[PDB]
file input-v3.pdb (PDB, C-alpha atoms)
ATOM      1  CA  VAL A   1     135.870 101.064  55.690  1.00  0.00           C
ATOM      2  CA  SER A   2     137.483  98.765  58.258  1.00  0.00           C
ATOM      3  CA  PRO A   3     140.298 101.121  59.354  1.00  0.00           C
ATOM      4  CA  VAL A   4     137.825 103.978  60.052  1.00  0.00           C
ATOM      5  CA  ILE A   5     135.664 101.981  62.452  1.00  0.00           C
ATOM      6  CA  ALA A   6     138.632 100.246  64.101  1.00  0.00           C
ATOM      7  CA  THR A   7     140.434 103.472  64.956  1.00  0.00           C
ATOM      8  CA  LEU A   8     137.291 104.900  66.628  1.00  0.00           C
ATOM      9  CA  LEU A   9     136.785 102.073  69.013  1.00  0.00           C
ATOM     10  CA  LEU A  10     140.501 102.153  69.977  1.00  0.00           C
ATOM     11  CA  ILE A  11     140.397 105.912  70.825  1.00  0.00           C
ATOM     12  CA  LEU A  12     137.449 105.498  73.157  1.00  0.00           C
ATOM     13  CA  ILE A  13     139.125 102.574  75.007  1.00  0.00           C
ATOM     14  CA  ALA A  14     142.364 104.401  75.801  1.00  0.00           C
ATOM     15  CA  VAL A  15     140.441 107.511  77.050  1.00  0.00           C
ATOM     16  CA  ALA A  16     138.364 105.419  79.497  1.00  0.00           C
ATOM     17  CA  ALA A  17     141.409 103.670  80.967  1.00  0.00           C
ATOM     18  CA  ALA A  18     143.294 106.979  81.477  1.00  0.00           C
ATOM     19  CA  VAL A  19     140.454 108.500  83.476  1.00  0.00           C
ATOM     20  CA  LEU A  20     140.280 105.352  85.565  1.00  0.00           C
ATOM     21  CA  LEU A  21     144.033 105.670  86.293  1.00  0.00           C
ATOM     22  CA  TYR A  22     143.484 109.138  87.679  1.00  0.00           C
ATOM     23  CA  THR A  23     140.817 108.099  90.180  1.00  0.00           C
ATOM     24  CA  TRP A  24     142.934 105.221  91.371  1.00  0.00           C
ATOM     25  CA  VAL A  25     146.115 107.317  91.721  1.00  0.00           C
ATOM     26  CA  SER A  26     144.477 110.144  93.635  1.00  0.00           C
ATOM     27  CA  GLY A  27     142.590 107.759  95.854  1.00  0.00           C
ATOM     28  CA  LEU A  28     145.955 105.999  96.541  1.00  0.00           C
ATOM     29  CA  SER A  29     147.403 109.270  97.751  1.00  0.00           C
ATOM     30  CA  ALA A  30     146.335 110.907 101.056  1.00  0.00           C
ATOM     31  CA  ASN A  31     145.962 107.356 102.270  1.00  0.00           C
ATOM     32  CA  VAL A  32     148.908 107.343 104.697  1.00  0.00           C
ATOM     33  CA  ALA A  33     148.335 107.409 108.482  1.00  0.00           C
ATOM     34  CA  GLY A  34     151.723 108.017 110.067  1.00  0.00           C
ATOM     35  CA  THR A  35     152.451 108.770 113.752  1.00  0.00           C
ATOM     36  CA  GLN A  36     152.549 111.186 116.618  1.00  0.00           C
ATOM     37  CA  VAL A  37     155.695 112.148 118.463  1.00  0.00           C
ATOM     38  CA  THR A  38     155.462 111.456 122.174  1.00  0.00           C
ATOM     39  CA  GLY A  39     156.174 114.457 124.277  1.00  0.00           C
ATOM     40  CA  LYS A  40     159.306 115.074 126.190  1.00  0.00           C
ATOM     41  CA  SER A  41     159.881 112.818 129.066  1.00  0.00           C
ATOM     42  CA  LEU A  42     157.696 113.283 132.047  1.00  0.00           C
ATOM     43  CA  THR A  43     159.424 114.935 134.989  1.00  0.00           C
ATOM     44  CA  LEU A  44     159.698 112.712 138.029  1.00  0.00           C
ATOM     45  CA  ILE A  45     157.820 114.223 140.967  1.00  0.00           C
ATOM     46  CA  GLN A  46     158.660 111.292 143.281  1.00  0.00           C
ATOM     47  CA  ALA A  47     159.737 107.643 143.430  1.00  0.00           C
ATOM     48  CA  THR A  48     158.865 105.689 146.515  1.00  0.00           C
ATOM     49  CA  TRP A  49     157.588 102.405 147.986  1.00  0.00           C
ATOM     50  CA  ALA A  50     155.555 100.886 150.854  1.00  0.00           C
ATOM     51  CA  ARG A  51     154.632  97.491 152.326  1.00  0.00           C
TER
ATOM     52  CA  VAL B   1     140.235  99.545  47.063  1.00  0.00           C
ATOM     53  CA  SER B   2     138.623 100.959  50.207  1.00  0.00           C
ATOM     54  CA  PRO B   3     141.212  99.679  52.726  1.00  0.00           C
ATOM     55  CA  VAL B   4     144.116 101.218  50.734  1.00  0.00           C
ATOM     56  CA  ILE B   5     142.704 104.742  50.736  1.00  0.00           C
ATOM     57  CA  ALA B   6     141.444 104.522  54.331  1.00  0.00           C
ATOM     58  CA  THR B   7     144.807 103.519  55.768  1.00  0.00           C
ATOM     59  CA  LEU B   8     146.539 106.470  54.037  1.00  0.00           C
ATOM     60  CA  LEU B   9     144.341 109.125  55.471  1.00  0.00           C
ATOM     61  CA  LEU B  10     144.698 107.599  58.977  1.00  0.00           C
ATOM     62  CA  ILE B  11     148.550 107.655  58.817  1.00  0.00           C
ATOM     63  CA  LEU B  12     148.649 111.325  57.911  1.00  0.00           C
ATOM     64  CA  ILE B  13     146.262 112.255  60.779  1.00  0.00           C
ATOM     65  CA  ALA B  14     148.271 110.578  63.537  1.00  0.00           C
ATOM     66  CA  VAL B  15     151.559 112.164  62.269  1.00  0.00           C
ATOM     67  CA  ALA B  16     150.065 115.691  62.380  1.00  0.00           C
ATOM     68  CA  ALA B  17     148.752 115.289  65.929  1.00  0.00           C
ATOM     69  CA  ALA B  18     152.117 113.952  67.219  1.00  0.00           C
ATOM     70  CA  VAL B  19     154.022 116.958  65.908  1.00  0.00           C
ATOM     71  CA  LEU B  20     151.445 119.237  67.480  1.00  0.00           C
ATOM     72  CA  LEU B  21     151.980 117.464  70.840  1.00  0.00           C
ATOM     73  CA  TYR B  22     155.667 118.256  70.688  1.00  0.00           C
ATOM     74  CA  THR B  23     155.201 121.998  70.200  1.00  0.00           C
ATOM     75  CA  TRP B  24     152.712 122.144  73.023  1.00  0.00           C
ATOM     76  CA  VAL B  25     154.880 120.111  75.433  1.00  0.00           C
ATOM     77  CA  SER B  26     158.051 122.087  74.826  1.00  0.00           C
ATOM     78  CA  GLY B  27     156.223 125.375  74.997  1.00  0.00           C
ATOM     79  CA  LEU B  28     154.721 124.172  78.344  1.00  0.00           C
ATOM     80  CA  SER B  29     158.206 123.651  79.705  1.00  0.00           C
ATOM     81  CA  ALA B  30     160.552 126.569  80.549  1.00  0.00           C
ATOM     82  CA  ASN B  31     157.378 128.364  81.511  1.00  0.00           C
ATOM     83  CA  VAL B  32     157.975 128.456  85.279  1.00  0.00           C
ATOM     84  CA  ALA B  33     158.916 131.722  87.041  1.00  0.00           C
ATOM     85  CA  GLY B  34     159.926 130.783  90.570  1.00  0.00           C
ATOM     86  CA  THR B  35     161.530 133.060  93.201  1.00  0.00           C
ATOM     87  CA  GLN B  36     164.550 134.792  94.594  1.00  0.00           C
ATOM     88  CA  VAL B  37     165.962 134.140  98.030  1.00  0.00           C
ATOM     89  CA  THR B  38     166.152 137.276 100.133  1.00  0.00           C
ATOM     90  CA  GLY B  39     169.572 137.942 101.476  1.00  0.00           C
ATOM     91  CA  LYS B  40     170.664 137.410 104.994  1.00  0.00           C
ATOM     92  CA  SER B  41     169.151 139.688 107.487  1.00  0.00           C
ATOM     93  CA  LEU B  42     170.266 143.242 107.435  1.00  0.00           C
ATOM     94  CA  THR B  43     172.585 144.176 110.285  1.00  0.00           C
ATOM     95  CA  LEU B  44     171.138 146.757 112.631  1.00  0.00           C
ATOM     96  CA  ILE B  45     173.265 149.906 112.636  1.00  0.00           C
ATOM     97  CA  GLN B  46     170.969 151.706 115.112  1.00  0.00           C
ATOM     98  CA  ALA B  47     167.472 151.811 116.615  1.00  0.00           C
ATOM     99  CA  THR B  48     166.280 155.075 118.037  1.00  0.00           C
ATOM    100  CA  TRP B  49     163.413 157.571 118.392  1.00  0.00           C
ATOM    101  CA  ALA B  50     162.575 161.295 118.697  1.00  0.00           C
ATOM    102  CA  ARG B  51     159.603 163.596 119.351  1.00  0.00           C
TER
END
call {"tool": "encode", "arguments": {"input": "input-v3.pdb", "output": "structure tokens"}}
result
Amino acid sequence: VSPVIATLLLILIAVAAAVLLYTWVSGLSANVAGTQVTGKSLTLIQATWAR
Amino acid sequence: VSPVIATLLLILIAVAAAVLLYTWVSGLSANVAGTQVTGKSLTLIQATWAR
């Protein structure tokens, strides 16, 4: 009755690993920060200097 | 003679499930509708109004 018991334990193992892959994949996603785009250059109201 | 009979029934089972996977996969495909792309904007022949 060896084959019958062997097959059962193998089925359970592969199911458990697949579900674990899902959690890891989805957690991996939506895990990217990125950047902001600086606005257009600031208009120059004045440039001057003093002592 | 247990192992000999056990193995045979297990072989048949896995073959049947694989063929069933195929039908389901292929049926799943080619099952996407999609969309049409509206033509370019309609040229305006006239805009008017009355009482």
call {"tool": "closest_atom_pairs", "arguments": {"input": "input-v3.pdb", "of": "chain A", "to": "chain B", "cutoff": "8 Å", "atoms": "all atoms listed in the file", "output": "tab-separated table"}}
result
residue	atom	partner	partner_atom	distance
A:1	CA	B:2	CA	6.1
A:2	CA	B:3	CA	6.7
A:3	CA	B:6	CA	6.2
A:4	CA	B:6	CA	6.8
call {"tool": "calpha_fit_and_write", "arguments": {"input": "input-v3.pdb", "fixed": "chain A", "moving": "chain B", "output": "PDB file with C-alpha atoms, in the frame of the given file"}}
result
ATOM      1  CA  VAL B   1     135.869 101.064  55.691  1.00  0.00           C
ATOM      2  CA  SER B   2     137.483  98.765  58.258  1.00  0.00           C
ATOM      3  CA  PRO B   3     140.299 101.122  59.354  1.00  0.00           C
ATOM      4  CA  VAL B   4     137.824 103.978  60.052  1.00  0.00           C
ATOM      5  CA  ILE B   5     135.664 101.982  62.452  1.00  0.00           C
ATOM      6  CA  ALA B   6     138.634 100.245  64.102  1.00  0.00           C
ATOM      7  CA  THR B   7     140.434 103.472  64.956  1.00  0.00           C
ATOM      8  CA  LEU B   8     137.291 104.899  66.627  1.00  0.00           C
ATOM      9  CA  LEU B   9     136.784 102.073  69.013  1.00  0.00           C
ATOM     10  CA  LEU B  10     140.501 102.153  69.977  1.00  0.00           C
ATOM     11  CA  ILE B  11     140.396 105.912  70.826  1.00  0.00           C
ATOM     12  CA  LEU B  12     137.448 105.499  73.157  1.00  0.00           C
ATOM     13  CA  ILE B  13     139.125 102.574  75.007  1.00  0.00           C
ATOM     14  CA  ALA B  14     142.364 104.401  75.800  1.00  0.00           C
ATOM     15  CA  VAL B  15     140.442 107.512  77.050  1.00  0.00           C
ATOM     16  CA  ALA B  16     138.365 105.418  79.497  1.00  0.00           C
ATOM     17  CA  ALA B  17     141.408 103.669  80.967  1.00  0.00           C
ATOM     18  CA  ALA B  18     143.294 106.979  81.476  1.00  0.00           C
ATOM     19  CA  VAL B  19     140.454 108.501  83.477  1.00  0.00           C
ATOM     20  CA  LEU B  20     140.280 105.351  85.565  1.00  0.00           C
ATOM     21  CA  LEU B  21     144.033 105.670  86.293  1.00  0.00           C
ATOM     22  CA  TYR B  22     143.485 109.138  87.678  1.00  0.00           C
ATOM     23  CA  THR B  23     140.817 108.098  90.180  1.00  0.00           C
ATOM     24  CA  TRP B  24     142.933 105.220  91.372  1.00  0.00           C
ATOM     25  CA  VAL B  25     146.114 107.318  91.722  1.00  0.00           C
ATOM     26  CA  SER B  26     144.478 110.144  93.635  1.00  0.00           C
ATOM     27  CA  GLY B  27     142.589 107.759  95.855  1.00  0.00           C
ATOM     28  CA  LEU B  28     145.956 105.999  96.541  1.00  0.00           C
ATOM     29  CA  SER B  29     147.404 109.271  97.752  1.00  0.00           C
ATOM     30  CA  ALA B  30     146.335 110.906 101.056  1.00  0.00           C
ATOM     31  CA  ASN B  31     145.962 107.356 102.270  1.00  0.00           C
ATOM     32  CA  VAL B  32     148.907 107.342 104.697  1.00  0.00           C
ATOM     33  CA  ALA B  33     148.335 107.410 108.482  1.00  0.00           C
ATOM     34  CA  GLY B  34     151.723 108.017 110.067  1.00  0.00           C
ATOM     35  CA  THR B  35     152.452 108.770 113.752  1.00  0.00           C
ATOM     36  CA  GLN B  36     152.550 111.187 116.617  1.00  0.00           C
ATOM     37  CA  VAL B  37     155.695 112.148 118.463  1.00  0.00           C
ATOM     38  CA  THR B  38     155.462 111.456 122.173  1.00  0.00           C
ATOM     39  CA  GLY B  39     156.174 114.458 124.277  1.00  0.00           C
ATOM     40  CA  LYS B  40     159.307 115.074 126.189  1.00  0.00           C
ATOM     41  CA  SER B  41     159.880 112.818 129.066  1.00  0.00           C
ATOM     42  CA  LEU B  42     157.695 113.282 132.048  1.00  0.00           C
ATOM     43  CA  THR B  43     159.425 114.935 134.989  1.00  0.00           C
ATOM     44  CA  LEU B  44     159.698 112.712 138.029  1.00  0.00           C
ATOM     45  CA  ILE B  45     157.820 114.222 140.967  1.00  0.00           C
ATOM     46  CA  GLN B  46     158.658 111.292 143.281  1.00  0.00           C
ATOM     47  CA  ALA B  47     159.737 107.643 143.430  1.00  0.00           C
ATOM     48  CA  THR B  48     158.865 105.689 146.515  1.00  0.00           C
ATOM     49  CA  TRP B  49     157.588 102.406 147.987  1.00  0.00           C
ATOM     50  CA  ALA B  50     155.555 100.886 150.854  1.00  0.00           C
ATOM     51  CA  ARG B  51     154.632  97.490 152.326  1.00  0.00           C
TER      52      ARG B  51
END
call {"tool": "axis_aligned_box", "arguments": {"input": "input-v3.pdb", "around": "segment 8-11 of chain B", "padding_each_side": "6 Å", "output": "AutoDock Vina command-line options"}}
result
--center_x 146.4 --center_y 107.8 --center_z 56.5 --size_x 16.2 --size_y 14.7 --size_z 16.9
call {"tool": "atom_distance", "arguments": {"input": "input-v3.pdb", "atom1": "atom CA of residue 13 of chain B", "atom2": "atom CA of residue 30 of chain B"}}
result
28.3 Å
call {"tool": "atom_distance", "arguments": {"input": "input-v3.pdb", "atom1": "atom CA of residue 14 of chain B", "atom2": "atom CA of residue 29 of chain B"}}
result
23.0 Å
call {"tool": "atom_distance", "arguments": {"input": "input-v3.pdb", "atom1": "atom CA of residue 18 of chain A", "atom2": "atom CA of residue 21 of chain B"}}
result
17.3 Å
